[PDB]
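To start, the structure itself, in structure tokens.
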Amino acid sequence: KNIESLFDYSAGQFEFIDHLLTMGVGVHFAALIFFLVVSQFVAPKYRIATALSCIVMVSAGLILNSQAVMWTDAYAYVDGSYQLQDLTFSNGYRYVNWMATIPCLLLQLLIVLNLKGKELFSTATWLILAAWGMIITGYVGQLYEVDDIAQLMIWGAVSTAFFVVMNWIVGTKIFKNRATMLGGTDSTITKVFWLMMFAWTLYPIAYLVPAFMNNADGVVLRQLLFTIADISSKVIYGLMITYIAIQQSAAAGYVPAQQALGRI
Ligand SMILES: *C/C=C(C)/C=C/C=C(C)/C=C/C1=C(C)CCCC1(C)C
Ligand SMILES: CCCCCCCC/C=C/CCCCCCCC(=O)O
Ligand SMILES: [Cl-]
Ligand SMILES: [Cl-]
């Protein structure tokens with residue numbers, strides 16, 4: 001049902017996709033160790049924001065690892081090209097993983113925005129419902145990326161509606177709560193918003209690849225877009241969230257944060 005299954009791949013195409021996914025694994029688990037060690041310099045009220053980046057690194061790292069092994073399981077070099085064997089490859093499992101990872105990315109944002117108690121719970125709930133609506137409709141849509149492009153497009157339109165509404169909740173909370181933020185991170189959080197807008201928009205672009213580039217090179221392009229998007233939306237984003245958490249920790253008088261920023 002996925003366009004990947006339609007084509008044979010050159011040695012170059014196959015190996016590049018393998019390297020992309022493997023590099024993805026390496027970057028996420030390397031970042032994991034960074035977030036782990038810096039977590040001790042985060043104040044208790046923000047420390048979960050850094051913990052969530054650790055959780056996202058392993059979740060994303062495992063899905064990329066699984067995709068890479070699925071890639072090599074599914075294809076073998078036969079008569080001059082990599083050809084599909086008995087096992088299958090599908091990006092569908094990425095969608096399932098987003099059900100967990102996207103709420104984690106959203107929650108760590110709400111935490112460094114200094115949302116608390118009732119507002120935190122209600123905002124998270126609405127955000128997660130919007131995100132789940134987006135993911136589920138998108139998942140359904142990509143089931144048709146070979147059989148029914150028109151259906152892919154309509155489910156994609158519905159998903160994009162959830163996407164836009166989710167982004168509106170995010171933007172509204174960011175620009176409303178920007179003023180509460182310490183240590184100059186009122187400035188930084190604005191860049192986080194734009195980073196999110198950029199990186200997350202790469203995913204629906206990948207979703208549409210079967211509509212504008214239905215061939216083996218399109219398959220490569222989609223994996224390339226996922227790689228850019230994953231690293232931007234999880235790793236670079238996580239680094240910014242953690243930087244914001246530490247800076248606010250220091251401004252709030254958390255001594256390990258002050259000491260850590262002092263050594264650099
Ligand atoms: C770490 C993974 C992330 C941040 C994934 C984000 C995914 C999206 C923003 C997906 C968006 C989609 C649309 C807006 C329309 C097409 C269907 C989706 C689900 C790919
Ligand atoms: C935040 C940015 C992260 C960047 C991740 C991407 C790193 C590797 C990028 C690809 C370079 C282009 C390689 C040329 C593709 C050859 C085409 C082919 O052989 O199939
Ligand atoms: Cl605290
Ligand atoms: Cl993920």
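Ordered as shown in the structure tokens, chains take letters A, B, and onward, while each chain numbers its residues from 1 and ligands are numbered from 1 in the order shown.
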
Report task. Would you list the residues that come within 7 Å of ligand 2? Count only C-alpha atoms and all ligand atoms and give the answer as a VMD selection string. Result -> chain A and resid 12 to 13 16 20 217 220 224 227 to 228 231 to 232

Query - All residues having an atom within 8 Å of ligand 1 (only C-alpha atoms and all ligand atoms) as a PyMOL selection string - result: chain A and resi 56+60+95+98+101-102+105+134-139+141-142+155-164+199-208+229-230+233-234

Query raised in the report: Counting only C-alpha atoms, what is within 8 Å of region 25-31 of chain A, bar same-chain residues fewer than 2 positions away, as an MDAnalysis selection string?
Result: chainID A and resid 21:23 33:35 57:58 60:62 64:65 231 235

File dump, residues just selected, C-alpha atoms, as a short mmCIF file (atom, residue, chain, number, x, y, z; two decimals), in the first residue's frame:
```cif
data_model
loop_
_atom_site.label_atom_id
_atom_site.label_comp_id
_atom_site.auth_asym_id
_atom_site.auth_seq_id
_atom_site.Cartn_x
_atom_site.Cartn_y
_atom_site.Cartn_z
CA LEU A 21 18.38 6.01 9.08
CA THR A 22 21.54 4.73 10.76
CA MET A 23 22.91 8.27 11.09
CA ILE A 33 23.64 11.13 26.61
CA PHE A 34 23.96 14.92 26.42
CA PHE A 35 20.47 15.51 27.81
CA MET A 57 15.62 10.58 21.87
CA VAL A 58 15.11 6.91 22.70
CA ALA A 60 12.75 8.40 17.93
CA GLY A 61 16.04 6.49 17.98
CA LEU A 62 14.20 3.18 18.31
CA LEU A 64 14.69 4.91 13.18
CA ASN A 65 16.56 1.76 14.25
CA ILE A 231 16.79 16.13 13.77
CA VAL A 235 17.22 17.18 18.60
#
```

Requested in this report: Mind the document's chain letters and residue numbers, and return as a count of residues only the residues of region 49-231 of chain A that DSSP labels alpha helix (DSSP H).
Outcome: 144

Requested in this report: Please check which protein, DNA or RNA residues sit within 12 Å of ligand 3, counting only C-alpha atoms and all ligand atoms, and write them as an NGL selection string.
Outcome: :A and (41-48 or 111-112 or 114 or 245-246 or 248-257)
